Structures are given as structure tokens and as C-alpha cells.
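Note sheet for the following structure.
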Amino acid sequence: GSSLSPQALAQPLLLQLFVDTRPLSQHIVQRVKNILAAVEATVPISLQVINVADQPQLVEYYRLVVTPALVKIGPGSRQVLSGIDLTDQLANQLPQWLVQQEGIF
């Protein structure tokens, strides 16, 4: 009936990067991790890399077709960043993820 210690804490940010194991992606990976690490915060982000070479099925699921690519799953809205612009777009999307402001009260 009543709750004593309700559970509902925010979970870390889920971030995934799709790469074909090419150094360029590893290159971007450092930039990806380096940027995310440039904010940490109370809501840390977990970066998981998926080898599109081993599993092209989820790539199509995300309508993903270009690599390297970076996709945010949440919590929150889902986004797909790709075209070696991951760092530019990521840096642009990250603030928005934290800010989440559509305007001023």
C-alpha cells in the first residue's frame, strides 16, 4: 500500500558507438570519451561500441546505414549521430541532453 523508501533514481547515460573497428572510429572514440569525460557530472555516461561488422542487424534497426556512427539511447529521447561529425554533433547534442531547455520560462 504505502512506500517507505521508493526507488526512482536517475540511471547513467546510455551511449553507444557503431564502428567497423577502423582506427578512425577508435580515433573518434577517444574524442567521444574525452568529450564525455569533459563533463562527467552526477549522471555519468557509459560508452558501448558495437561492431557493425559482426552484427549489421541492429544497425538496420536504427535505420543506421553510415559508419562510423554514434547513437544515444537514453534515458531520454533517442538520437543518431554519424558522418565523422560525431564529435561536432555529439558536443552539440550533449549540452542539449543536459540542458533540455526549449525556451525561457
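Please note that chains go A, B, ... in the order of the C-alpha cells, that every chain numbers its residues from 1, and that ligands are numbered from 1 in the order shown.
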
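Using only C-alpha atoms, the residues found no farther than 8 Å from region 19-30 of chain A, other than those of its own chain fewer than 5 positions away, are residues 49, 50, 51, 52, 53, 67, 68, 69, 84, 86 and 87 of chain A.
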
Extract the full set of helix (DSSP H, G or I) residues from chain A according to DSSP on the backbone, and format it as an mmCIF file with N, CA, C and O atoms, in the first residue's frame.
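So the final result, stored in out37.cif, reads:
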```
data_model
loop_
_atom_site.group_PDB
_atom_site.id
_atom_site.type_symbol
_atom_site.label_atom_id
_atom_site.label_comp_id
_atom_site.auth_asym_id
_atom_site.auth_seq_id
_atom_site.Cartn_x
_atom_site.Cartn_y
_atom_site.Cartn_z
ATOM 1 N N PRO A 23 40.547 2.319 -37.298
ATOM 2 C CA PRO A 23 41.276 3.239 -36.381
ATOM 3 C C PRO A 23 40.588 4.598 -36.276
ATOM 4 O O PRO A 23 40.577 5.219 -35.214
ATOM 5 N N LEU A 24 40.018 5.051 -37.388
ATOM 6 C CA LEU A 24 39.335 6.338 -37.409
ATOM 7 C C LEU A 24 38.275 6.383 -36.318
ATOM 8 O O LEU A 24 38.151 7.370 -35.596
ATOM 9 N N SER A 25 37.521 5.297 -36.194
ATOM 10 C CA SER A 25 36.486 5.216 -35.176
ATOM 11 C C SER A 25 37.137 5.197 -33.801
ATOM 12 O O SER A 25 36.668 5.853 -32.870
ATOM 13 N N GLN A 26 38.248 4.474 -33.692
ATOM 14 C CA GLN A 26 38.979 4.423 -32.437
ATOM 15 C C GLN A 26 39.475 5.825 -32.146
ATOM 16 O O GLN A 26 39.537 6.269 -31.000
ATOM 17 N N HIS A 27 39.791 6.516 -33.229
ATOM 18 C CA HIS A 27 40.255 7.888 -33.170
ATOM 19 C C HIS A 27 39.139 8.737 -32.572
ATOM 20 O O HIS A 27 39.324 9.463 -31.589
ATOM 21 N N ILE A 28 37.963 8.601 -33.177
ATOM 22 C CA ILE A 28 36.778 9.312 -32.728
ATOM 23 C C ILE A 28 36.371 8.846 -31.335
ATOM 24 O O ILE A 28 35.860 9.630 -30.535
ATOM 25 N N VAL A 29 36.596 7.563 -31.050
ATOM 26 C CA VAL A 29 36.241 7.018 -29.745
ATOM 27 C C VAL A 29 36.919 7.816 -28.643
ATOM 28 O O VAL A 29 36.278 8.211 -27.671
ATOM 29 N N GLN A 30 38.212 8.072 -28.807
ATOM 30 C CA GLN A 30 38.933 8.852 -27.812
ATOM 31 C C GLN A 30 38.301 10.227 -27.703
ATOM 32 O O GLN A 30 38.090 10.738 -26.604
ATOM 33 N N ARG A 31 37.973 10.813 -28.852
ATOM 34 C CA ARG A 31 37.337 12.121 -28.847
ATOM 35 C C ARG A 31 35.981 12.029 -28.167
ATOM 36 O O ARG A 31 35.585 12.922 -27.423
ATOM 37 N N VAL A 32 35.274 10.931 -28.418
ATOM 38 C CA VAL A 32 33.969 10.732 -27.808
ATOM 39 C C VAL A 32 34.115 10.626 -26.295
ATOM 40 O O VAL A 32 33.486 11.368 -25.545
ATOM 41 N N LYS A 33 34.963 9.699 -25.858
ATOM 42 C CA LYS A 33 35.204 9.503 -24.437
ATOM 43 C C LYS A 33 35.811 10.751 -23.799
ATOM 44 O O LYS A 33 35.454 11.123 -22.681
ATOM 45 N N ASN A 34 36.739 11.383 -24.510
ATOM 46 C CA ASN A 34 37.400 12.576 -23.996
ATOM 47 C C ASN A 34 36.396 13.700 -23.744
ATOM 48 O O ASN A 34 36.460 14.380 -22.720
ATOM 49 N N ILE A 35 35.469 13.889 -24.677
ATOM 50 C CA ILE A 35 34.458 14.933 -24.527
ATOM 51 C C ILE A 35 33.497 14.607 -23.389
ATOM 52 O O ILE A 35 33.236 15.448 -22.528
ATOM 53 N N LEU A 36 32.974 13.383 -23.384
ATOM 54 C CA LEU A 36 32.048 12.974 -22.333
ATOM 55 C C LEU A 36 32.725 13.111 -20.982
ATOM 56 O O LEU A 36 32.124 13.572 -20.010
ATOM 57 N N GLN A 57 22.523 -6.297 -38.118
ATOM 58 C CA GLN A 57 21.076 -6.355 -37.896
ATOM 59 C C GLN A 57 20.546 -5.185 -37.059
ATOM 60 O O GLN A 57 19.524 -4.599 -37.410
ATOM 61 N N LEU A 58 21.218 -4.838 -35.961
ATOM 62 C CA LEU A 58 20.735 -3.731 -35.140
ATOM 63 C C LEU A 58 21.023 -2.400 -35.827
ATOM 64 O O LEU A 58 20.352 -1.400 -35.569
ATOM 65 N N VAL A 59 22.016 -2.398 -36.715
ATOM 66 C CA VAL A 59 22.374 -1.192 -37.448
ATOM 67 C C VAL A 59 21.199 -0.780 -38.323
ATOM 68 O O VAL A 59 20.827 0.393 -38.376
ATOM 69 N N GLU A 60 20.601 -1.766 -38.986
ATOM 70 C CA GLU A 60 19.443 -1.512 -39.832
ATOM 71 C C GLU A 60 18.249 -1.131 -38.966
ATOM 72 O O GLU A 60 17.428 -0.297 -39.350
ATOM 73 N N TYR A 61 18.163 -1.746 -37.788
ATOM 74 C CA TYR A 61 17.069 -1.460 -36.866
ATOM 75 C C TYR A 61 17.029 0.024 -36.540
ATOM 76 O O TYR A 61 15.962 0.637 -36.507
ATOM 77 N N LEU A 86 30.496 13.073 -35.455
ATOM 78 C CA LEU A 86 30.090 12.653 -34.120
ATOM 79 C C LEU A 86 30.529 13.644 -33.046
ATOM 80 O O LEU A 86 29.740 14.016 -32.179
ATOM 81 N N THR A 87 31.794 14.051 -33.085
ATOM 82 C CA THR A 87 32.308 14.973 -32.080
ATOM 83 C C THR A 87 31.646 16.340 -32.179
ATOM 84 O O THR A 87 31.365 16.972 -31.161
ATOM 85 N N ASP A 88 31.389 16.795 -33.397
ATOM 86 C CA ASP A 88 30.750 18.086 -33.573
ATOM 87 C C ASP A 88 29.292 17.993 -33.149
ATOM 88 O O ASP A 88 28.801 18.810 -32.365
ATOM 89 N N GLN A 89 28.611 16.978 -33.660
ATOM 90 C CA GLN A 89 27.214 16.765 -33.325
ATOM 91 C C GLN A 89 27.074 16.335 -31.865
ATOM 92 O O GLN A 89 26.200 16.825 -31.150
ATOM 93 N N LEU A 90 27.943 15.423 -31.421
ATOM 94 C CA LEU A 90 27.892 14.956 -30.037
ATOM 95 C C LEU A 90 28.023 16.130 -29.076
ATOM 96 O O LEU A 90 27.230 16.281 -28.146
ATOM 97 N N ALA A 91 29.030 16.963 -29.310
ATOM 98 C CA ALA A 91 29.260 18.128 -28.465
ATOM 99 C C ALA A 91 28.041 19.043 -28.480
ATOM 100 O O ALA A 91 27.765 19.740 -27.504
ATOM 101 N N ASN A 92 27.324 19.044 -29.600
ATOM 102 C CA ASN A 92 26.141 19.878 -29.746
ATOM 103 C C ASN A 92 24.931 19.238 -29.072
ATOM 104 O O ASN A 92 24.093 19.927 -28.487
ATOM 105 N N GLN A 93 24.837 17.920 -29.182
ATOM 106 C CA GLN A 93 23.718 17.188 -28.609
ATOM 107 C C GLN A 93 23.863 17.010 -27.101
ATOM 108 O O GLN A 93 22.876 17.067 -26.368
ATOM 109 N N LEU A 94 25.085 16.779 -26.643
ATOM 110 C CA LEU A 94 25.316 16.580 -25.221
ATOM 111 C C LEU A 94 24.718 17.732 -24.405
ATOM 112 O O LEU A 94 23.832 17.508 -23.581
ATOM 113 N N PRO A 95 25.153 18.947 -24.626
ATOM 114 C CA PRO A 95 24.615 20.130 -23.898
ATOM 115 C C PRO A 95 23.089 20.130 -23.892
ATOM 116 O O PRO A 95 22.459 20.412 -22.874
ATOM 117 N N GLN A 96 22.507 19.811 -25.045
ATOM 118 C CA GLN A 96 21.056 19.774 -25.182
ATOM 119 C C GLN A 96 20.463 18.691 -24.290
ATOM 120 O O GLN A 96 19.385 18.859 -23.724
ATOM 121 N N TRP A 97 21.183 17.581 -24.166
ATOM 122 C CA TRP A 97 20.721 16.479 -23.332
ATOM 123 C C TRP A 97 20.686 16.912 -21.872
ATOM 124 O O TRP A 97 19.769 16.566 -21.129
ATOM 125 N N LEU A 98 21.700 17.671 -21.471
ATOM 126 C CA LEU A 98 21.792 18.155 -20.103
ATOM 127 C C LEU A 98 20.892 19.370 -19.890
ATOM 128 O O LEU A 98 20.224 19.491 -18.864
ATOM 129 N N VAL A 99 20.898 20.274 -20.864
ATOM 130 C CA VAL A 99 20.096 21.489 -20.771
ATOM 131 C C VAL A 99 18.602 21.187 -20.877
ATOM 132 O O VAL A 99 17.815 21.601 -20.028
#
```

For residue 71 (chain A), please output as a PyMOL selection string all residues within 8 Å (counting only C-alpha atoms; exclusion window: fewer than 5 positions along the same chain). chain A and resi 15-18+78-81

For the residues in that selection, give me C-alpha atoms as a short mmCIF file (atom, residue, chain, number, x, y, z; two decimals), in the first residue's frame.
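part15.cif, written as the output of this step:
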```cif
data_model
loop_
_atom_site.label_atom_id
_atom_site.label_comp_id
_atom_site.auth_asym_id
_atom_site.auth_seq_id
_atom_site.Cartn_x
_atom_site.Cartn_y
_atom_site.Cartn_z
CA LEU A 15 25.68 5.95 -25.14
CA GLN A 16 26.67 3.58 -27.96
CA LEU A 17 29.06 3.93 -30.87
CA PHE A 18 28.86 1.85 -34.04
CA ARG A 78 16.88 8.76 -28.89
CA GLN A 79 19.28 10.30 -31.40
CA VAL A 80 21.59 9.14 -34.18
CA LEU A 81 24.87 10.91 -34.88
#
```

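Between CA of residue 12 (chain A) and CA of residue 65 (chain A) there is a distance of 26.8 Å.
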
Would you mind writing down, as a PyMOL selection string, each residue of region 8-103 of chain A that DSSP on the backbone assigns to strand (DSSP E or B)? chain A and resi 13-19+45-51+69-74+79-82

Close residues, residue 9 (chain A) itself excluded, 12 Å, only C-alpha atoms, min 4 positions apart in chain, as a PyMOL selection string: chain A and resi 5+42-43+75

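Note that CA of residue 37 (chain A) and CA of residue 77 (chain A) are 21.0 Å apart.
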
How many Å lie between CA of residue 73 (chain A) and CA of residue 103 (chain A), rounded to one decimal?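 According to the coordinates, CA of residue 73 (chain A) and CA of residue 103 (chain A) are separated by 23.7 Å.
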